[PDB]
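A.B. asks: Have a look at this one before I ask anything.
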Amino acid sequence: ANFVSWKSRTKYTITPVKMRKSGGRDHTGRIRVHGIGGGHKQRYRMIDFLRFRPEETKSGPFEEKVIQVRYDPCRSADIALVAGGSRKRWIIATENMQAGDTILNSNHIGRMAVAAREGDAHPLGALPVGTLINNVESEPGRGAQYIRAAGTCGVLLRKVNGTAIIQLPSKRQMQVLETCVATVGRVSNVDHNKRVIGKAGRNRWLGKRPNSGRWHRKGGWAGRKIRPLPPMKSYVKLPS
Amino acid sequence: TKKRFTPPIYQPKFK
Amino acid sequence: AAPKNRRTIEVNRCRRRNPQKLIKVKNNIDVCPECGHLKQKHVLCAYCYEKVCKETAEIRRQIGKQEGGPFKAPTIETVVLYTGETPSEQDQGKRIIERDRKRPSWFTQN
RNA sequence: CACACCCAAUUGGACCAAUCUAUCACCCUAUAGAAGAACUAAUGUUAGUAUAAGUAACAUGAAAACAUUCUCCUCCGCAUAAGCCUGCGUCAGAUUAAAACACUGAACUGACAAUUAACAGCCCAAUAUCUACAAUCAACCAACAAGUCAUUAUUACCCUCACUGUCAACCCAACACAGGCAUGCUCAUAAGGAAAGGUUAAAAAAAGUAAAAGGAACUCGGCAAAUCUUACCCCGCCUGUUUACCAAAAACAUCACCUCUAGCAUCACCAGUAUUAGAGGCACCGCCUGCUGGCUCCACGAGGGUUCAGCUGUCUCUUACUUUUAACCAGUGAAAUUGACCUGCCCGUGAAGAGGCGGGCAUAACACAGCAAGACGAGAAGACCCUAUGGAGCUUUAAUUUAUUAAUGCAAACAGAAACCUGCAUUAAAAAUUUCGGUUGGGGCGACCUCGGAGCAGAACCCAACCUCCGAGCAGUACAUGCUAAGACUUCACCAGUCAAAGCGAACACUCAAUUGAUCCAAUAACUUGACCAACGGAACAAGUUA
RNA sequence: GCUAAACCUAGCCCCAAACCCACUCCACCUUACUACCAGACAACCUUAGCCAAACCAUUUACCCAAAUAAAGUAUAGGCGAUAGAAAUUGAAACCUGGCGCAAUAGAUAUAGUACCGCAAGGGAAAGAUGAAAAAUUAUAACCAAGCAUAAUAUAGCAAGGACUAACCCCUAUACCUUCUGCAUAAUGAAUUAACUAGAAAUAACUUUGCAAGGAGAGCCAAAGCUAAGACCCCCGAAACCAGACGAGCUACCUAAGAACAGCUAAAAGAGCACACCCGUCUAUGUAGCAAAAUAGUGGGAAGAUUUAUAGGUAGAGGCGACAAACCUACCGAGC
Ligand SMILES: [K+]
Ligand SMILES: [K+]
Ligand SMILES: [Mg+2]
Ligand SMILES: [Mg+2]
Ligand SMILES: [Mg+2]
Ligand SMILES: [Mg+2]
Ligand SMILES: [Mg+2]
Ligand SMILES: [Mg+2]
Ligand SMILES: [Mg+2]
Ligand SMILES: [Mg+2]
Ligand SMILES: [Mg+2]
Ligand SMILES: [Mg+2]
Ligand SMILES: [Mg+2]
Ligand SMILES: [Mg+2]
Ligand SMILES: [Mg+2]
Ligand SMILES: [Mg+2]
Ligand SMILES: [Mg+2]
Ligand SMILES: [Mg+2]
Ligand SMILES: [Mg+2]
Ligand SMILES: [Mg+2]
Ligand SMILES: [Mg+2]
Ligand SMILES: [Mg+2]
Ligand SMILES: [Mg+2]
Ligand SMILES: [Mg+2]
Ligand SMILES: [Mg+2]
Ligand SMILES: [Mg+2]
Ligand SMILES: [Mg+2]
Ligand SMILES: [Mg+2]
Ligand SMILES: [Mg+2]
Ligand SMILES: [Mg+2]
Ligand SMILES: [Mg+2]
Ligand SMILES: [Mg+2]
Ligand SMILES: [Mg+2]
Ligand SMILES: [Mg+2]
Ligand SMILES: [Mg+2]
Ligand SMILES: [Mg+2]
Ligand SMILES: [Mg+2]
Ligand SMILES: [Mg+2]
Ligand SMILES: [Mg+2]
Ligand SMILES: [Mg+2]
Ligand SMILES: [Mg+2]
Ligand SMILES: [Mg+2]
Ligand SMILES: [Mg+2]
Ligand SMILES: [Mg+2]
Ligand SMILES: [Mg+2]
Ligand SMILES: [Mg+2]
Ligand SMILES: [Mg+2]
Ligand SMILES: [Mg+2]
Ligand SMILES: [Mg+2]
Ligand SMILES: [Mg+2]
Ligand SMILES: [Mg+2]
Ligand SMILES: [Mg+2]
Ligand SMILES: [Mg+2]
Ligand SMILES: [Mg+2]
Ligand SMILES: [Mg+2]
Ligand SMILES: [Mg+2]
Ligand SMILES: [Mg+2]
Ligand SMILES: [Mg+2]
Ligand SMILES: [Mg+2]
Ligand SMILES: [Mg+2]
Ligand SMILES: [Mg+2]
Ligand SMILES: [Zn+2]
């Protein structure tokens, strides 16, 4: 199929970029993910998940002032428009973020810990143990990939020998370097999971199509059949 | 009891 | 219901050539005393009826040229006049229709 | 007087039409050779023409000077888009079938003519750099589903109006098809049209109107029609969705709930990250429960039942009128069907239900309109089992496989280590090919399939299937139970099986009704051995189900 | 006497021989047949299956470069069905021919046109005067069914025996095929013309030649050997596989658009109710207006709505609010 991905823009901008839906179709044109199609049109707002990105003419710690926290259709959480120096960019907003607040982005690791403020970006080697964190990265310069969803927050369990243990929202531990930059506090839209869809129509507004009507007897346990051993094959079923 | 349908056969028009 | 067998021509001739199917000869034909053309006893002569309609249409065409439009029917009697005639004593206060033709013999002036 | 001259399948002959060739022959033949070599029959093929049948069906508002006017309908019309491509403009024509007509005849043929851009289409120098704040009268207010519209800097550049679409009564449906057909206006027209060819006013049929008294007594059912109407039960929460062309539902989907899987990026998921995503169950909510299950209930329903009242021709019990149809007149003109028919009734007979046969009875010949008892009426579909060593779909602990894919192992390879790739193994996944052995009305449950004996054919042999009943799938004694060889029997074929004199060699053809299994193949030096191949003349290895 | 019936060429088939074609101008890979701008896209990869083995699962012939012979031999093979060499041997080889067809034949062909299908693809029908048409005063007669000429008179498989005589009398249960047995009310046939169905080996037999030899290398022979003559049909599935062609209908999706009066209400997958979409019930219709429509009555009609345009997903699949629905008017697997 003559499928060209809309993700062709190479320069970052805060302008909402028009994106075309896929409908669960891959580049070949066949369905690869079911239940995706239609819904209200959305414009993608590019998010800079690398919080510590100093300007071209600047370096080191810098500060940004929040301009507006608004709704993002693409993601569950809300986003905030911040301005640092002579540029503006989108970031993932925290639970407690307003228009006018000042956030700090630094890569400095001091001898002692520092007072962690919600929304600020500091390396994992300078954050107190136990503080809720979000938007963590595997290695420095990789960018935030984990704990992005609304209300999600990780736990800084321990820090040993330049590495830190991060408790993911799925209650799984992850080991990453202490130089990874993370955001203090939870993510916005804490009560996102408390929403009620209300009607089947609203699920079609989000681009989700109804499930297949086939009665699938197959499942995690029902579909998969344990093969009885020849000794146990005699006792599988007894008439009653 | 399967539905069996036989489409009509149109003869050539030249006749 | 479909025919059980093909009907033969011998059966068909008895039905098709039965006297009821045959055309009945007419005995009411007589010659017109005026023109000599054929006519029936209870029907007006076709030739004599056609000549009246040919003259009637010409008279009705002259009426149209005098009225000069619809919804202009006169409230008086009408008189048809031909070449060489003058309005009569009783033909006073009526609409005279002039015809540039000799009066037909069968058309009697009244 | 003559005499080969009355059987299916099959078999043996003697003749032979037509055709071509060799040679004759020369108003159509002879002797030979050769072959596309002979049609009362395949729901045969093509073509012609009958039958049904001049039947079904089809069509034109009225008068008129053919100027015009009148009656009626308008749920249409006009334009654009798309499509179509000259397809009711003029002229002429031996013209002459558009489902009637037709001289000007014309939605036919030929020629000629035509739709003129302002509308619409066909656009744009480069490189960078910009673009957080909906729409809805956009002002209030109130949102979520978060949205349909923007540049600057520098460089380059000042030539000019080309090209194409433009018609119509039009497109997709085999047709001048009651269908399908986007948008802008008109919302009853200022535009566009004609339901009746003429007649008669039978039945039957369709639609409509009216009805005494009664008001569901009709009926599977208040279906239709009339009226504008109450109360429930069952099922499904609800709006929604589905078998286009017999099922709109109680089925599916559905918020809500629940289970399972996944810790992550440059083409789906996703430019996302467990408050996420995917695979599923169930069908909100509320109550109750386990550590998943049961009731209640709001509205809602072309769901399935029940009911008050009303309503009514649904009915007691039908009737009247109008329209279409109808019948007749004129024009045009099909289809299924059809062995031949010179085509009666009653009893009897008969592949068992007779127009045709037997015995009686009846009987001039023909149309036209009705009827639907028969011609096991006609077409097609389907039901009912059965059969095929005929198919296919689906399912699986049917048989046969891992080529393929994934996860590992070792080898290979690198190598101070590791990976990828490749080869070979091992699991798993998902698939691939193939098959459903017979007998017992069917199904269920069981039995049965080979061999021997009896009831079982009384007396040579054979023979009663199905059926009834009892057995056999051994064992024991020998160890010349060695080797050879006349003549015979034979389970109705074959295969296989059985008896046996003499002779050599020894001694001084074992019992037993059945007590059994071919070929191939495998093992072995040879000898010899190997299957409840029991479906027992045996396929090397394959089940179930289809409504 | 109408409809018709007749005709002889057009051309074709099989061989031989010889190795064939494609620039007149203009246009033609973009929406082919379109004068005129930055591309970078590039080709190669075992066939399978039907069928035979009376199932099927290993297997099952398909010119590979010299006719003949070795030879259906050695070999191969559920050692079954069947498959099958080589060493070796070694011939002629002159296109212009026909015991080929003659308009239902011979190529499908007058043409791959008309027409049918979205496409791949399928695929016709027919012509006939004479030396002269610048002779149409033509090109006699006769022939299928069908008709007309010319409807019919008790009664009956339509005929036969007859008879002075059509009928009347007497006698007679249509044909084919399939079954033990068909008048059978079992199958097939309206009718006419044309077309349409028994192909071959070993052995044996028969008739010639020669003869312990036969035969124009090879092969057989205990009278054989050589040659000839003489025996083995037609139509029809559902299927399977390979390669193409299809999402202009429909299923879902993508892009960017459009539509929804009035009223009650309220910021409603709200109510009533047009346009519009759908198709509940009844009736008409059943070769119909229509290979699914019409009239009335109905459900929805601001939404999970309806809809125009372009694009995508293709058959070992797609798509699916699962109906085994739909994927161009036969989808349990399209054409
Ligand atoms: K319902
Ligand atoms: K078979
Ligand atoms: Mg679900
Ligand atoms: Mg479900
Ligand atoms: Mg005799
Ligand atoms: Mg001869
Ligand atoms: Mg023949
Ligand atoms: Mg014949
Ligand atoms: Mg025939
Ligand atoms: Mg009739
Ligand atoms: Mg009629
Ligand atoms: Mg009319
Ligand atoms: Mg313009
Ligand atoms: Mg008008
Ligand atoms: Mg009338
Ligand atoms: Mg009429
Ligand atoms: Mg009454
Ligand atoms: Mg009752
Ligand atoms: Mg009703
Ligand atoms: Mg429901
Ligand atoms: Mg509700
Ligand atoms: Mg509903
Ligand atoms: Mg249906
Ligand atoms: Mg539907
Ligand atoms: Mg229905
Ligand atoms: Mg359900
Ligand atoms: Mg009752
Ligand atoms: Mg009542
Ligand atoms: Mg009355
Ligand atoms: Mg008539
Ligand atoms: Mg016919
Ligand atoms: Mg009679
Ligand atoms: Mg009888
Ligand atoms: Mg009798
Ligand atoms: Mg009858
Ligand atoms: Mg019948
Ligand atoms: Mg059998
Ligand atoms: Mg099967
Ligand atoms: Mg014997
Ligand atoms: Mg057996
Ligand atoms: Mg047996
Ligand atoms: Mg036996
Ligand atoms: Mg069922
Ligand atoms: Mg076979
Ligand atoms: Mg089979
Ligand atoms: Mg031909
Ligand atoms: Mg042909
Ligand atoms: Mg004749
Ligand atoms: Mg008699
Ligand atoms: Mg009969
Ligand atoms: Mg019979
Ligand atoms: Mg027949
Ligand atoms: Mg196969
Ligand atoms: Mg098969
Ligand atoms: Mg489409
Ligand atoms: Mg509503
Ligand atoms: Mg409504
Ligand atoms: Mg759907
Ligand atoms: Mg189902
Ligand atoms: Mg089913
Ligand atoms: Mg189809
Ligand atoms: Zn007269």
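Note on naming: chains are A, B, ... as they come in the structure tokens, residues start from 1 per chain, ligands start from 1 in the order shown.
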Counting only C-alpha atoms (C1' of nucleotides), what is within 9 Å of residue 1 of chain B, bar same-chain residues fewer than 3 positions away, as JSON, numbers by chain?
C.D. replies: {"B": [4], "D": [381, 382, 383, 547]}
A.B. asks: With N, CA and C atoms (P, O5', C5', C4', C3', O3' and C1' of nucleotides) retained, write the just-selected residues as a PDB file, in the first residue's frame.
C.D. replies:
ATOM      1  N   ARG B   4     -30.448 -21.803  -3.298  1.00  0.00           N
ATOM      2  CA  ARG B   4     -29.832 -21.986  -4.605  1.00  0.00           C
ATOM      3  C   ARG B   4     -30.494 -21.034  -5.590  1.00  0.00           C
TER       4      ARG B   4
ATOM      5  P     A D 381     -34.232 -25.921  -9.025  1.00  0.00           P
ATOM      6  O5'   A D 381     -34.741 -25.747  -7.526  1.00  0.00           O
ATOM      7  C5'   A D 381     -34.533 -24.533  -6.818  1.00  0.00           C
ATOM      8  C4'   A D 381     -35.351 -24.483  -5.552  1.00  0.00           C
ATOM      9  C3'   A D 381     -35.068 -25.575  -4.531  1.00  0.00           C
ATOM     10  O3'   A D 381     -33.927 -25.313  -3.732  1.00  0.00           O
ATOM     11  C1'   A D 381     -37.392 -25.402  -4.849  1.00  0.00           C
ATOM     12  P     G D 382     -33.045 -26.531  -3.165  1.00  0.00           P
ATOM     13  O5'   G D 382     -34.002 -27.244  -2.111  1.00  0.00           O
ATOM     14  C5'   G D 382     -34.343 -26.594  -0.896  1.00  0.00           C
ATOM     15  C4'   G D 382     -35.492 -27.277  -0.199  1.00  0.00           C
ATOM     16  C3'   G D 382     -35.256 -28.712   0.238  1.00  0.00           C
ATOM     17  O3'   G D 382     -34.490 -28.826   1.423  1.00  0.00           O
ATOM     18  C1'   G D 382     -37.335 -28.577  -0.842  1.00  0.00           C
ATOM     19  P     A D 383     -33.706 -30.194   1.732  1.00  0.00           P
ATOM     20  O5'   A D 383     -34.780 -31.078   2.503  1.00  0.00           O
ATOM     21  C5'   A D 383     -35.596 -30.509   3.516  1.00  0.00           C
ATOM     22  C4'   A D 383     -36.809 -31.360   3.782  1.00  0.00           C
ATOM     23  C3'   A D 383     -36.539 -32.840   3.984  1.00  0.00           C
ATOM     24  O3'   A D 383     -36.077 -33.134   5.289  1.00  0.00           O
ATOM     25  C1'   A D 383     -38.368 -32.565   2.511  1.00  0.00           C
ATOM     26  P     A D 547     -27.136 -31.452   8.181  1.00  0.00           P
ATOM     27  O5'   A D 547     -27.487 -30.017   7.581  1.00  0.00           O
ATOM     28  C5'   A D 547     -28.792 -29.466   7.728  1.00  0.00           C
ATOM     29  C4'   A D 547     -28.812 -28.306   8.692  1.00  0.00           C
ATOM     30  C3'   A D 547     -27.781 -28.381   9.813  1.00  0.00           C
ATOM     31  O3'   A D 547     -27.378 -27.066  10.193  1.00  0.00           O
ATOM     32  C1'   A D 547     -29.957 -28.429  10.739  1.00  0.00           C
TER      33        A D 547
END
A.B. asks: Enumerate as a ChimeraX atom specification the residues within 7 Å of ligand 23, counting only C-alpha atoms (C1' of nucleotides) and all ligand atoms.
C.D. replies: /D:243,245-247
A.B. asks: Save out the residues we just selected, N, CA and C atoms (P, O5', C5', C4', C3', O3' and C1' of nucleotides), as a PDB file, in the first residue's frame.
C.D. replies:
ATOM      1  P     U D 243     -27.524  -7.783   7.161  1.00  0.00           P
ATOM      2  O5'   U D 243     -27.971  -9.293   6.939  1.00  0.00           O
ATOM      3  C5'   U D 243     -27.041 -10.252   6.460  1.00  0.00           C
ATOM      4  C4'   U D 243     -27.584 -11.656   6.531  1.00  0.00           C
ATOM      5  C3'   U D 243     -28.973 -11.874   5.954  1.00  0.00           C
ATOM      6  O3'   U D 243     -28.959 -11.994   4.544  1.00  0.00           O
ATOM      7  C1'   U D 243     -28.733 -13.039   8.019  1.00  0.00           C
ATOM      8  P     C D 245     -33.118  -7.334   1.238  1.00  0.00           P
ATOM      9  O5'   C D 245     -33.429  -8.529   0.232  1.00  0.00           O
ATOM     10  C5'   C D 245     -34.614  -9.307   0.364  1.00  0.00           C
ATOM     11  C4'   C D 245     -34.393 -10.747  -0.033  1.00  0.00           C
ATOM     12  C3'   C D 245     -33.134 -11.404   0.530  1.00  0.00           C
ATOM     13  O3'   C D 245     -33.406 -12.779   0.795  1.00  0.00           O
ATOM     14  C1'   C D 245     -33.083 -11.497  -1.825  1.00  0.00           C
ATOM     15  P     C D 246     -33.698 -13.268   2.295  1.00  0.00           P
ATOM     16  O5'   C D 246     -35.155 -13.902   2.214  1.00  0.00           O
ATOM     17  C5'   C D 246     -36.309 -13.080   2.118  1.00  0.00           C
ATOM     18  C4'   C D 246     -37.471 -13.688   2.862  1.00  0.00           C
ATOM     19  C3'   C D 246     -37.270 -13.874   4.356  1.00  0.00           C
ATOM     20  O3'   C D 246     -37.545 -12.692   5.087  1.00  0.00           O
ATOM     21  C1'   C D 246     -38.130 -15.869   3.418  1.00  0.00           C
ATOM     22  P     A D 247     -36.511 -12.150   6.188  1.00  0.00           P
ATOM     23  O5'   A D 247     -36.482 -13.297   7.290  1.00  0.00           O
ATOM     24  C5'   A D 247     -37.621 -13.573   8.089  1.00  0.00           C
ATOM     25  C4'   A D 247     -37.218 -14.011   9.474  1.00  0.00           C
ATOM     26  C3'   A D 247     -36.399 -13.005  10.266  1.00  0.00           C
ATOM     27  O3'   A D 247     -37.210 -12.046  10.920  1.00  0.00           O
ATOM     28  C1'   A D 247     -35.370 -15.133  10.379  1.00  0.00           C
TER      29        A D 247
END
A.B. asks: Pick out the residues no farther than 10 Å from ligand 37, counting only C-alpha atoms (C1' of nucleotides) and all ligand atoms, and list them as number ranges by chain.
C.D. replies: D: 387-389, 437-438
A.B. asks: Save out the residues we just selected, N, CA and C atoms (P, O5', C5', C4', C3', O3' and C1' of nucleotides), as a PDB file, in the first residue's frame.
C.D. replies:
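Output file out.pdb is given in full below:
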ATOM      1  P     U D 387     -26.257 -46.410   3.054  1.00  0.00           P
ATOM      2  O5'   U D 387     -25.612 -46.488   1.603  1.00  0.00           O
ATOM      3  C5'   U D 387     -25.900 -47.581   0.746  1.00  0.00           C
ATOM      4  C4'   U D 387     -25.618 -47.246  -0.695  1.00  0.00           C
ATOM      5  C3'   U D 387     -24.286 -46.572  -0.972  1.00  0.00           C
ATOM      6  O3'   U D 387     -23.207 -47.487  -1.000  1.00  0.00           O
ATOM      7  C1'   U D 387     -26.001 -45.455  -2.154  1.00  0.00           C
ATOM      8  P     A D 388     -21.777 -47.068  -0.404  1.00  0.00           P
ATOM      9  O5'   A D 388     -21.044 -46.380  -1.638  1.00  0.00           O
ATOM     10  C5'   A D 388     -21.160 -46.922  -2.948  1.00  0.00           C
ATOM     11  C4'   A D 388     -20.641 -45.969  -3.995  1.00  0.00           C
ATOM     12  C3'   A D 388     -19.208 -45.491  -3.779  1.00  0.00           C
ATOM     13  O3'   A D 388     -18.586 -45.288  -5.045  1.00  0.00           O
ATOM     14  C1'   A D 388     -20.661 -43.634  -3.789  1.00  0.00           C
ATOM     15  P     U D 389     -17.812 -46.496  -5.767  1.00  0.00           P
ATOM     16  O5'   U D 389     -16.772 -46.998  -4.672  1.00  0.00           O
ATOM     17  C5'   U D 389     -15.543 -46.318  -4.471  1.00  0.00           C
ATOM     18  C4'   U D 389     -15.230 -46.151  -3.006  1.00  0.00           C
ATOM     19  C3'   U D 389     -14.042 -45.260  -2.688  1.00  0.00           C
ATOM     20  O3'   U D 389     -14.374 -43.885  -2.707  1.00  0.00           O
ATOM     21  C1'   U D 389     -13.882 -47.256  -1.437  1.00  0.00           C
ATOM     22  P     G D 437     -15.780 -46.329   8.373  1.00  0.00           P
ATOM     23  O5'   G D 437     -14.675 -47.342   7.832  1.00  0.00           O
ATOM     24  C5'   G D 437     -14.316 -47.364   6.458  1.00  0.00           C
ATOM     25  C4'   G D 437     -14.616 -48.700   5.825  1.00  0.00           C
ATOM     26  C3'   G D 437     -16.054 -49.182   5.934  1.00  0.00           C
ATOM     27  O3'   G D 437     -16.908 -48.602   4.963  1.00  0.00           O
ATOM     28  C1'   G D 437     -14.599 -50.931   6.545  1.00  0.00           C
ATOM     29  P     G D 438     -18.502 -48.731   5.109  1.00  0.00           P
ATOM     30  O5'   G D 438     -18.805 -50.233   4.679  1.00  0.00           O
ATOM     31  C5'   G D 438     -20.018 -50.866   5.050  1.00  0.00           C
ATOM     32  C4'   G D 438     -19.863 -52.364   5.118  1.00  0.00           C
ATOM     33  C3'   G D 438     -21.040 -53.118   5.714  1.00  0.00           C
ATOM     34  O3'   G D 438     -22.082 -53.333   4.780  1.00  0.00           O
ATOM     35  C1'   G D 438     -19.045 -53.880   6.709  1.00  0.00           C
TER      36        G D 438
END
A.B. asks: At a cut-off of 7 Å, which residues of chain A touch chain D? Count only C-alpha atoms (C1' of nucleotides) and give the answer as a PyMOL selection string.
C.D. replies: chain A and resi 5+7+14-15+24-27+32-33+40-42+73+81+145-152+169-170+190+192-193+197-200+205+210+213+219-220
A.B. asks: Select the residues contacting ligand 16 at a distance of at most 10 Å, based on only C-alpha atoms (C1' of nucleotides) and all ligand atoms, then format the selection as a list in words.
C.D. replies: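 Listing the residues within 10 Å of ligand 16 gives residues 59, 196, 197, 198, 199 and 325 of chain D.
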A.B. asks: Which one is closest to ligand 55: E:103, E:252, E:61, E:329? Count only C-alpha atoms (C1' of nucleotides) and all ligand atoms.
C.D. replies: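 Looking at the shortest contact to ligand 55, the residue is E:252.
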A.B. asks: Using only C-alpha atoms (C1' of nucleotides) and all ligand atoms, what are the residues with an atom within 9 Å of ligand 24, set out as a ChimeraX atom specification?
C.D. replies: /D:242-244 /E:278-279
A.B. asks: Please produce, as CSV, a per-residue contact table for chain C versus chain D (criterion: any atom at most 7 Å away, only C-alpha atoms (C1' of nucleotides) considered), showing the nearest atom pair and its distance in Å to one decimal, sorted by chain then residue number.
C.D. replies:
residue,atom,partner,partner_atom,distance
C:1,CA,D:378,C1',6.0
C:2,CA,D:337,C1',4.7
C:3,CA,D:337,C1',5.4
C:4,CA,D:338,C1',6.4
C:5,CA,D:338,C1',4.6
C:6,CA,D:338,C1',4.5
C:7,CA,D:51,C1',6.0
C:14,CA,D:366,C1',6.8
C:15,CA,D:367,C1',6.3
C:18,CA,D:367,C1',6.3
C:20,CA,D:367,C1',6.6
C:57,CA,D:65,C1',6.3
C:60,CA,D:65,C1',5.3
C:61,CA,D:65,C1',4.1
C:64,CA,D:65,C1',6.3
A.B. asks: Could you write out the selected residues, including C-alpha atoms, as a compact mmCIF listing (two decimals), in the first residue's frame?
C.D. replies:
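The file below, result-v2.txt, is the result:
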# COMPACT_ATOMS: atom_id res chain seq x y z
CA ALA C 1 -51.88 -24.41 -16.15
CA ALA C 2 -49.88 -25.55 -19.18
CA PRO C 3 -51.17 -27.50 -22.20
CA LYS C 4 -50.87 -31.25 -21.78
CA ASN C 5 -50.60 -31.82 -25.54
CA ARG C 6 -50.16 -29.80 -28.70
CA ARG C 7 -53.46 -28.94 -30.40
CA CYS C 14 -62.65 -26.06 -36.63
CA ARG C 15 -62.14 -23.29 -34.06
CA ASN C 18 -66.09 -21.57 -37.19
CA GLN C 20 -68.91 -17.29 -35.36
CA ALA C 57 -63.59 24.67 -41.05
CA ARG C 60 -64.74 28.79 -38.52
CA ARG C 61 -61.41 30.18 -39.74
CA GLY C 64 -61.30 33.57 -35.82
A.B. asks: May I have the residues within 9 Å of ligand 57, computed using only C-alpha atoms (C1' of nucleotides) and all ligand atoms, as a list in words?
C.D. replies: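 My answer, listing the contacting residues, is residues 271, 272, 273, 299, 300 and 301 of chain E.
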A.B. asks: Got a sec to check which residues lie within 10 Å of ligand 13, using only C-alpha atoms (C1' of nucleotides) and all ligand atoms, and send them as a ChimeraX atom specification?
C.D. replies: /D:117-121
A.B. asks: Since we have the selection now, will you write its residues out, keeping C-alpha atoms (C1' of nucleotides), as a PDB file, in the first residue's frame?
C.D. replies:
ATOM      1  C1'   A D 117     -15.441  32.913 -21.278  1.00  0.00           C
ATOM      2  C1'   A D 118     -16.022  36.612 -17.562  1.00  0.00           C
ATOM      3  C1'   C D 119     -18.077  30.705 -14.856  1.00  0.00           C
ATOM      4  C1'   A D 120     -15.070  26.107 -14.070  1.00  0.00           C
ATOM      5  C1'   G D 121     -10.454  23.604 -14.759  1.00  0.00           C
TER       6        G D 121
END
A.B. asks: Enumerate residues in contact with ligand 45: an atom-to-atom distance of at most 8 Å, counting only C-alpha atoms (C1' of nucleotides) and all ligand atoms. Format the result as JSON, numbers by chain.
C.D. replies: {"D": [389, 390, 435], "E": [55]}
A.B. asks: Write to file, as a PDB file, in the first residue's frame, the residues of the selection just made, with N, CA and C atoms (P, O5', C5', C4', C3', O3' and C1' of nucleotides).
C.D. replies:
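Everything below was put into result-v9.pdb:
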ATOM      1  P     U D 389     -17.812 -46.496  -5.767  1.00  0.00           P
ATOM      2  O5'   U D 389     -16.772 -46.998  -4.672  1.00  0.00           O
ATOM      3  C5'   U D 389     -15.543 -46.318  -4.471  1.00  0.00           C
ATOM      4  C4'   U D 389     -15.230 -46.151  -3.006  1.00  0.00           C
ATOM      5  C3'   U D 389     -14.042 -45.260  -2.688  1.00  0.00           C
ATOM      6  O3'   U D 389     -14.374 -43.885  -2.707  1.00  0.00           O
ATOM      7  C1'   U D 389     -13.882 -47.256  -1.437  1.00  0.00           C
ATOM      8  P     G D 390     -13.466 -42.849  -3.526  1.00  0.00           P
ATOM      9  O5'   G D 390     -14.434 -41.614  -3.778  1.00  0.00           O
ATOM     10  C5'   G D 390     -15.743 -41.802  -4.291  1.00  0.00           C
ATOM     11  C4'   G D 390     -16.215 -40.568  -5.011  1.00  0.00           C
ATOM     12  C3'   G D 390     -15.706 -39.255  -4.446  1.00  0.00           C
ATOM     13  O3'   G D 390     -14.385 -38.956  -4.855  1.00  0.00           O
ATOM     14  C1'   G D 390     -18.024 -39.093  -4.813  1.00  0.00           C
ATOM     15  P     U D 435      -9.314 -38.423   1.112  1.00  0.00           P
ATOM     16  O5'   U D 435      -9.940 -39.398   2.201  1.00  0.00           O
ATOM     17  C5'   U D 435      -9.723 -40.798   2.130  1.00  0.00           C
ATOM     18  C4'   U D 435      -9.865 -41.451   3.481  1.00  0.00           C
ATOM     19  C3'   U D 435     -11.239 -41.385   4.124  1.00  0.00           C
ATOM     20  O3'   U D 435     -12.150 -42.335   3.600  1.00  0.00           O
ATOM     21  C1'   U D 435      -9.597 -40.833   5.724  1.00  0.00           C
TER      22        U D 435
ATOM     23  P     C E  55      -7.625 -46.366  -5.575  1.00  0.00           P
ATOM     24  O5'   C E  55      -8.474 -46.262  -4.234  1.00  0.00           O
ATOM     25  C5'   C E  55      -9.653 -45.475  -4.172  1.00  0.00           C
ATOM     26  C4'   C E  55      -9.811 -44.827  -2.820  1.00  0.00           C
ATOM     27  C3'   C E  55      -8.738 -43.825  -2.432  1.00  0.00           C
ATOM     28  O3'   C E  55      -8.950 -42.545  -3.001  1.00  0.00           O
ATOM     29  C1'   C E  55      -9.128 -45.300  -0.629  1.00  0.00           C
TER      30        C E  55
END
A.B. asks: Identify every residue of chain E that has at least one atom within 9 Å of any atom of chain A, counting only C-alpha atoms (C1' of nucleotides), and report the result as a PyMOL selection string.
C.D. replies: chain E and resi 253-255+269+303-304+311-313+318+320-322
A.B. asks: May I ask which of the residues D:35, D:212, D:62, D:445 is the closest one to ligand 29, counting only C-alpha atoms (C1' of nucleotides) and all ligand atoms?
C.D. replies: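 Using only C-alpha atoms (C1' of nucleotides) and all ligand atoms, the shortest distance to ligand 29 belongs to D:212.
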